[PDB]
Amino acid sequence: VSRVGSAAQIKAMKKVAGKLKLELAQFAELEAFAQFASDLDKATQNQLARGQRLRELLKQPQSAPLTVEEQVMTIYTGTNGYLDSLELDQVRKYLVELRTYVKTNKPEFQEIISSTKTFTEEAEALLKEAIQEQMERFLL
Amino acid sequence: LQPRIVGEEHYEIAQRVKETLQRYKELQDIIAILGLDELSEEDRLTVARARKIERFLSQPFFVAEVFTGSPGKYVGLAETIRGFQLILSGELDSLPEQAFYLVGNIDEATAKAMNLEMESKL
Amino acid sequence: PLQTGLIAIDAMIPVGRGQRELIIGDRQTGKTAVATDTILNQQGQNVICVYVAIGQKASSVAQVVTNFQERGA
Amino acid sequence: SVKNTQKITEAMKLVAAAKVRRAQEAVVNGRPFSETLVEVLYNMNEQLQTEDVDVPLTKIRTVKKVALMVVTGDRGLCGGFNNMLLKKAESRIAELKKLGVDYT
Amino acid sequence: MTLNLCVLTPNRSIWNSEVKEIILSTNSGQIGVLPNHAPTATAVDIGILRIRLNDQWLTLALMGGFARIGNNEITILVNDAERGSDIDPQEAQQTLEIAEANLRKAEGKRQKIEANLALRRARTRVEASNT
Amino acid sequence: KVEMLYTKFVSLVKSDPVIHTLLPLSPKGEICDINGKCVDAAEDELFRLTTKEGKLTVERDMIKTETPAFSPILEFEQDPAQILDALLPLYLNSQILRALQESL
Amino acid sequence: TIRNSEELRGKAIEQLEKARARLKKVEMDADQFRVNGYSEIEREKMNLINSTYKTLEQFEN
Amino acid sequence: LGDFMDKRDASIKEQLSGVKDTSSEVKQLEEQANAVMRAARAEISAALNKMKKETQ
Ligand SMILES: Nc1ncnc2c1ncn2[C@@H]1O[C@H](COP(=O)(O)OP(=O)(O)OP(=O)(O)O)[C@@H](O)[C@H]1O
């Protein structure tokens, strides 16, 4: 519970994590009694393949925090769904790959996220191109 | 038992022993009690290697020589790591299961296995 | 905001300047790790961290002090 | 009490797995019958596929009525099994009451 | 040399061994099969089988089937199969009188079959229980 | 018409009741659909139990063996139409028996 | 059969030239990323020596 | 005229065996693209593991 959570959370995290909170509650509910009905239903199978991955990307190592731009990027790439075709064993290696790739290659996303304090769509487009590049680099 | 405290491959060896033991624990009323209808190939490898490890873990003590007839040996850290590294990755499956029982190091288990095979040709 | 450097906390259960966040959990479950992550995430801001360790083990507090010193905290 | 119910439920799970193992053998106790039957049935028709066969089991009665034998079990507690059988039963007898088929 | 027998039921296989001398009914007549017999499919009706191989005969009761005589293996596929030393003699006579009593209510197409079945079935029970 | 509603061994996770026609049968040693689709392309028979993990699952295990050729010259007795009329009840009993065993 | 065989051989040898182009140019991208990733990983090695010498100096202070 | 019938069907069967041949070369070339590409990524991965273990 957070009484005043929405007030201090910036709009980038809001517009990127409302859907994540929705689908996380949905994955937690699809977790139990999962087998007998939703065995190959497309909605529930996709929500499971992107909700096991939700908890996968929600993991972390101790004493390795991620600043705000990394959080918005890692949650945007989980909310869009560019990892459902990937391996569950190799989510996090691709995660640190995309993290360090935006950390070195792309210097505009950090500036836009810091300045606007929201999810500006030009940063979204350049981020999308970088995500597609890392997608190809890891699938191949 | 933390990966970034004692060694990542050490932690992976320990975690894989725990995983194989969690396999054998639930598989007991599956294959070992009633069904046994060729459970799998990959399940049979885990069951056989789990019984191998369960022979392998217990070892002859120093103070139990006069107690229950066991000569005394000492086993180190990297030695146990390499022993379970060999046993988990499926290399010494051909040796008998009781070649790993009541033994120290993994090379001592392989030596006892060859002694029991020289008994098997007898 | 005052982001704890966690994905789940700073994502869906935010914590602001002046919002008490009780970290309630059992023994050996990761709450001290949560607090240390929160503290180490304040590397740049004007966040003067204060931390009290009531009745904790000497090895625990010394290890966390060493972690703080190595992390530049 | 909850511990005793837990152990007896595990017990009936064990004997159910046992009898399922038995049933997979009760099937192969009738499979060679089936194939030795149907290979005769099919491949021996080559001398009779010309002529008219005219079995009453193969005869076409003018389609008026339908009998609908539902194959249910006798034991209880099985779960949605028996109720799914009854649901497909009543769905078929509902689908059959608009065409005017006068089912039994 | 010796022909191979296969008395079969849909659930279990009663006889699978060999035999050198049999007597089996068919639908129209009956055929007697000795070793080195040509492929002849025999549509056996409700009727017992007299069976001999270095012994005195036995009755093997059948209740409607078909036998595809292959080469040195004869494939007798029946729905109800048994031996005449197992079906009780006097309870077969009980079944005989029960069938001949319950038969006299045959006043319908539905009941002609399930009463003539009783007739021929009790008869082919007694004819094996005696033999 | 006489048709039959029985289940199968598709999965422990999904039981599916299918309404199979029985008494008016195609002579080919086959079953058909209630509309005559001839579903016996979807035989998928003779499962056996095996696992990949702790839970015990189905593995329906598609076709394993088959042994037809034919006999070239039968020249049978017993009036061919009546031979096949005598062979059909055993096949129908095989279908009934397999239905009850798969239901159990 | 004349026009079918003609169009079929034509389209398939066209698909072969396209497969040639795809093979050679994706191999070009491969040889690009080989040099690029080599420069990247050795840059990471220089990053590594910088960070470890930095924590060395930190312990010295 | 029979020879010209043979020449017609000969041109056609020439195109036919040619399309089988180029189809064999098509599957060969596409698996070669996939082989060299995935193999190059495998080379890069093995090289980076080696260099990072060494520098570590
Ligand atoms: N995110 C993480 N990744 C890896 N290890 C972790 C993580 N969080 C906690 N741990 C490990 O779990 C152990 C317990 O953590 P922590 O001390 O925070 O829990 P605790 O309940 O405060 O323990 P106690 O109160 O008993 O000292 C620590 O040794 C820590 O290394």
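Please treat every number below as a calculation from the coordinates, not as lab data. Using ideal geometry, Cβ is built from the backbone for each residue, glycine included, and neighbour counts are taken over all protein chains shown.
Numbers for the structure displayed
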read-out: Residue within region C:11-23 that is assigned to a loop (DSSP other than H, G, I, E, B), within 21 Å of A:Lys21 (Cα to Cα) and either in contact (Cβ under 8 Å) with a residue 40 or more places away in the chain or near the ligand (Cβ under 10 Å from one of its atoms) (or both) present; value: yes
read-out: Cβ-Cβ under 7 Å pairs, at least 6 apart or on other chains, region A:24-39 side within 14 Å of chain F (Cβ to nearest Cβ), far side of a type outside the set (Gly, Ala, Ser); value: A:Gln35/F:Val13; A:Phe36/F:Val13; A:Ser38/A:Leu30; A:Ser38/A:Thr44; A:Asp39/F:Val13; A:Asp39/F:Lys14
read-out: Number of positions in region F:68-104 that are in contact (Cβ under 8 Å) with a residue 60 or more places away in the chain and either among the aromatic types (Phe, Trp, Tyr) or in contact with a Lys or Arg (Cβ under 6 Å, 6 or more places away or on another chain) (or both); value: 2
read-out: Some residue of region C:33-54 being within 17 Å of A:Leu58 (Cα to Cα), at the interface with another protein chain (Cβ under 10 Å from one of its Cβ atoms) and away from the ligand (no atom under 15 Å from the Cβ); value: no
read-out: Verdict on B:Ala109 being surrounded by 15 or more Cβ atoms within 10 Å (Cβ to Cβ) and closer than 30 Å to D:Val15 by Cα; value: no
read-out: Test set (1) acidic (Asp, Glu); (2) in a strand (DSSP E or B); (3) exposed (fewer than 15 other Cβ atoms within 10 Å of the Cβ) - E:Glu82 fails condition number; value: (3)
read-out: Failed condition for A:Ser114, given (1) within 16 Å of the ligand (Cβ to nearest atom); (2) part of a helix (DSSP H, G or I); (3) surrounded by fewer than 20 Cβ atoms within 10 Å (Cβ to Cβ); value: (1)
read-out: Selected residue (criterion: nearest to A:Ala7 (Cα to Cα)) from residues of region C:1-10 that are assigned to a loop (DSSP other than H, G, I, E, B) and more than 9 Å from the ligand (Cβ to nearest atom); value: C:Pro1
read-out: Enumeration of residues in region D:54-98 that are of a type in the set (A, V, I, L, M) and over 16 Å from F:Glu3 (Cα atoms); value: D:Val55, D:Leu77, D:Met84
read-out: Residue in region A:74-84 that is within 16 Å of the ligand (Cβ to nearest atom), within 14 Å of chain C (Cβ to nearest Cβ), part of a helix (DSSP H, G or I) and surrounded by 13 or more Cβ atoms within 10 Å (Cβ to Cβ) present; value: yes
read-out: Pair list, Cβ < 6 Å and 6+ apart or interchain, from region A:52-73 residues that are closer than 18 Å to C:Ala35 by Cα to residues that are of a type in the set (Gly, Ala, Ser) and surrounded by 14 or more Cβ atoms within 10 Å (Cβ to Cβ); value: A:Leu58/C:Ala8; A:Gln62/C:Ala33; A:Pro65/C:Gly5
read-out: Out of H:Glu25, H:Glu31, sole residue that is at the interface with another protein chain (Cβ under 9 Å from one of its Cβ atoms) and not aromatic (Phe, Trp, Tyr); value: H:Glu25
read-out: Residue match in region A:89-99 (condition: within 16 Å of the ligand (Cβ to nearest atom), farther than 21 Å from A:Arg137 by Cβ and touching an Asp or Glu at 6+ places or on another chain (Cβ under 7 Å)); value: no
read-out: Residue tally, condition without any contact (Cβ under 8 Å) to a residue 12 or more places away in the chain and either acidic (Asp, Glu) or outside any loop (DSSP other than H, G, I, E, B) (or both), over region B:2-31; value: 16
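The rows are residues; the columns are (1) part of a helix (DSSP H, G or I); (2) facing chain D (nearest Cβ under 7 Å).
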{"position": "F:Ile31", "(1), (2)": "no, no"}
{"position": "F:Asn35", "(1), (2)": "no, no"}
{"position": "F:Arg48", "(1), (2)": "no, yes"}
{"position": "F:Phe70", "(1), (2)": "no, yes"}
{"position": "F:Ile96", "(1), (2)": "yes, no"}
{"position": "F:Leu100", "(1), (2)": "yes, yes"}
